[PDB]
2 protein chains.
Amino acid sequence: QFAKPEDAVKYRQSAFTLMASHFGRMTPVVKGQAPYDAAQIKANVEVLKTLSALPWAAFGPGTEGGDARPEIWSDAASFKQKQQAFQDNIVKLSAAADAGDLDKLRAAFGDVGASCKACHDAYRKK
Amino acid sequence: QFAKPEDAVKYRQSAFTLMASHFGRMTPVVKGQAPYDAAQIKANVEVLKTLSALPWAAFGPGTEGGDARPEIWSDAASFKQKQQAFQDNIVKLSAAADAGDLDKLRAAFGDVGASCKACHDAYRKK
Ligand code: HEC
Ligand code: HEC
Ligand SMILES: O=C1O[C@H]([C@@H](O)CO)C(O)=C1O
Ligand SMILES: O=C1O[C@H]([C@@H](O)CO)C(O)=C1O
């Protein structure tokens, strides 16, 4: 769907921007600094769920650029492993949110964040 | 969810960026220049559906900036009318896509795009 590689870069950066907001905004809730409203969180994780599937199609071949490391393309199976694993951690967070269980939510939140960071560590330029 | 107004600006701009991609990428399909796969389009409009609900919460009070005109806030009921109407046109597009009917999809697509443009004309800076 991208006329030029730059358009794929712009897309994925915007998807990540939204993912950061929908993930990060739950930090005060899982810390207890903000109240836990199970329906609120269930709805927010559903948004996060949708957003978190979007970036991957915007790293198609020829779309090198931004802060994406070239290793995303030379090591495609491993990058795919990392995004699928991340999305499996998002499934786990969805299950916690759907269950309305703050303990499971905090554990699953931490797993998701670790997966974000592990991918950056390997595949996002400094 | 925004630490500073700038973060709300960044959010809404990213949401619009994704909406533009998920809307605009259907242009070749509704023109007949690309094949019509009903399941493909149903799925894409579901994404568009989710994205199109996101910007509005990122124009809260104090979040003036970007290419948002100040009229969004001094005329809140009218801006709310415009976003709700836009989202109702998105409902109409979802119904067309769910029905698998390319004629209804093209008509509904055109209504959505007109609603995007009408809001810009009134509320987005040059
Ligand atoms: C690989 C499997 C990743 C996972 C999982 C997550 N992210 Fe990431 N992110 C990745 C890359 C390769 C890039 C650079 C994209 C580019 O072309 O520049 C990014 C970037 C970001 C950004 C910055 C976006 C911007 O405005 O430029 C943010 C804020 C970000 N990523 C956040 C984020 C979060 C919160 C994640 C888990 C919930 C997450 N990412 C996962 C690669 C990968
Ligand atoms: C008001 C009810 C709007 C509707 C409906 C749509 N948009 Fe819009 N858009 C609006 C504003 C006020 C702004 C400026 C936001 C800012 O703070 O700068 C925008 C901006 C955009 C952009 C540019 C985003 C960027 O990267 O800076 C795009 C690409 C865009 N809008 C697209 C778009 C589409 C495709 C819409 C319908 C499917 C649509 N918008 C509706 C206000 C409103
Ligand atoms: O909110 C965020 O979480 C991840 C990472 O910091 C998790 O440790 C990331 O990159 C964000 O923007
Ligand atoms: O794809 C888009 O459609 C609207 C408008 O052009 C519809 O006429 C818009 O602002 C986009 O980026």
Side-chain angles (χ1 to χ4, degrees), chain A residues 2-31 33-37 39-60 63 65-67 87 90 94 97 109 112-113 116, chain B residues 2-31 33-37 39-60 63 65-67 87 90 94 97 109 112-113 116:
Chain A
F2 303 119
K4 305 180 163 162
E6 287 87 350
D7 297 314
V9 179
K10 192 165 178 26
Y11 182 101
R12 66 212 187 202
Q13 291 182 342
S14 285
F16 286 126
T17 293
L18 300 183
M19 290 162 56
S21 178
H22 285 277
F23 179 72
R25 72 178 57 194
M26 299 186 288
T27 297
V29 176
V30 293
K31 284 187 188 164
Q33 290 160 4
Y36 175 47
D37 173 328
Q40 177 184 33
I41 295 302
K42 178 178 178 180
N44 184 63
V45 172
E46 285 161 351
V47 174
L48 181 54
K49 175 189 183 207
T50 295
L51 297 169
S52 290
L54 301 183
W56 324 116
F59 294 91
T63 65
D67 283 343
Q87 293 198 74
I90 293 294
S94 294
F109 182 88
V112 169
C116 311
Chain B
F2 303 119
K4 305 180 163 162
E6 287 87 350
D7 297 314
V9 179
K10 192 165 178 26
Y11 182 101
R12 66 212 187 202
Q13 291 182 342
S14 285
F16 286 126
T17 293
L18 300 183
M19 290 162 56
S21 178
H22 285 277
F23 179 72
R25 72 178 57 194
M26 299 186 288
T27 297
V29 176
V30 293
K31 284 187 188 164
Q33 290 160 4
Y36 175 47
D37 173 328
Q40 177 184 33
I41 295 302
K42 178 178 178 180
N44 184 63
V45 172
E46 285 161 351
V47 174
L48 181 54
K49 175 189 183 207
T50 295
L51 297 169
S52 290
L54 301 183
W56 324 116
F59 294 91
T63 65
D67 283 343
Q87 293 198 74
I90 293 294
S94 294
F109 182 88
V112 169
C116 311

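Keep in mind that the numbers below use all heavy atoms, side chains included, and drop hydrogens, waters and symmetry copies. Just so it is clear: chains get the letters A, B, ... in the order the sequence lines come, proteins before strands, and each one is counted from 1.
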- Applying side-chain contact (heavy atoms from CB on, under 4.5 Å), run through B:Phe16 and A:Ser14 and close with a yes or a no. CA-CA 9 Å; B:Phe16 286 126; A:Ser14 285; over 6 Å; no

- Message: If we define contacts as heavy-atom pairs under 4.5 Å, which of B:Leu18, B:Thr17, B:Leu51 has the most with chain A?
- Response: B:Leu18

- Rounding to 0.5 Å, atoms CG (A:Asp7) and CZ (B:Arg25) come to a distance of 11.0 Å

